[PDB]
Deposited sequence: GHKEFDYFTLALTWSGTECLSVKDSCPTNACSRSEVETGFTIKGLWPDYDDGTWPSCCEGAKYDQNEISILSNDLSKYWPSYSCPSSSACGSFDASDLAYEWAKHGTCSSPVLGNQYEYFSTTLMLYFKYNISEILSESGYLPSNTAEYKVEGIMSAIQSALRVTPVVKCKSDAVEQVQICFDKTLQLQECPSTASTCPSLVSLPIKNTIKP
């Protein structure tokens, strides 16, 4: 297949995903509401993307030292098993690796590099911190203007994020990166969120 054009780092707002099982992070009340990793997607400029590419099968051993970080910053918010590339997955990690991670080569050569690099970008650009410092905090009563959330992120990253909503709450934020891991603009996309949105708290 054609090598991917750019990287999309998709982040999930935990509060909107929790509006029972050990795998489900919605029960972890101790954890503060905020953005966690949905995935790192190798994408094409035309809006499509490579999927289920060749590559070694998911091997938890390869990412064992990342287990604590992936469990906390890349959790799943559901109990029913997901599926991709022809089979059900034991976890969100196996799902993202099979479906998207394998397609990150040759830029990222193996699973460990795929997951660790995603965490690196996630830790470097704390979107939750950018919003909090701009007055956009988790709340079950507050309603914020999308343009304000957009502008807040934009002024901090110098690039415009893509935002997806669930009914009225911010569910996903997308930040794009070039193959040298430099922030870039994501492909032009039409808005889908209401003029006013919320950042609900878990539970």
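Participant: Quick one: where does the model skip the deposited sequence?
Facilitator: Absent from the structure are positions 1, 21-24, 209-212.
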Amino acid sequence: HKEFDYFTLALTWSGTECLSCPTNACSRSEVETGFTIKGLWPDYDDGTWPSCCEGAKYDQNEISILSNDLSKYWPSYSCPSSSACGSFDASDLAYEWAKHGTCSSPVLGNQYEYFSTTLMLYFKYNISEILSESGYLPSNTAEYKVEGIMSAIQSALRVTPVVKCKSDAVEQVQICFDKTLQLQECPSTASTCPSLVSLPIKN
From here on, numbers count along this sequence of modelled residues.
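Participant: On mean C-alpha B-factor from the PDB entry, just flag whether 28-36 or 153-161 is the higher one.
Facilitator: Averaging CA B-factors over each stretch, the winner is 28-36.
Participant: Comparing average C-alpha B factors as deposited, tell me which of 164-172 and 63-71 sits higher.
Facilitator: Of 63-71 and 164-172, the stretch with the higher C-alpha B-factor average is 164-172.
Participant: Looking at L183, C21, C186, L11, which has the highest Cα B-factor in the entry?
Facilitator: Of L183, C21, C186, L11, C21 has the highest C-alpha B-factor.
Participant: Which third of the chain holds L131 when residues are ordered by C-alpha B factor: lowest, middle or highest?
Facilitator: Highest third, going by the recorded CA B-factors of the chain.
Participant: Consider only the C-alpha atoms of the modelled residues in this chain, order them by B-factor as the entry records it, and name the third containing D45: lowest, middle or highest.
Facilitator: Tercile = lowest for this residue's CA B-factor.
Participant: Sorting by Cα B-factor within the chain, modelled residues only, which third would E147 end up in: lowest, middle or highest?
Facilitator: Ranked within chain, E147 CA B lands in the highest tercile.
Participant: How does the C-alpha B factor of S78 compare with the rest of the chain: lowest, middle or highest third?
Facilitator: Within its chain, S78 is a highest-third residue by C-alpha B-factor, going by the deposited values.
Participant: Lowest, middle or highest third: which one holds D89 when the chain's residues are ordered by CA B-factor from the entry?
Facilitator: Answer is highest: the recorded C-alpha B-factor places it there.
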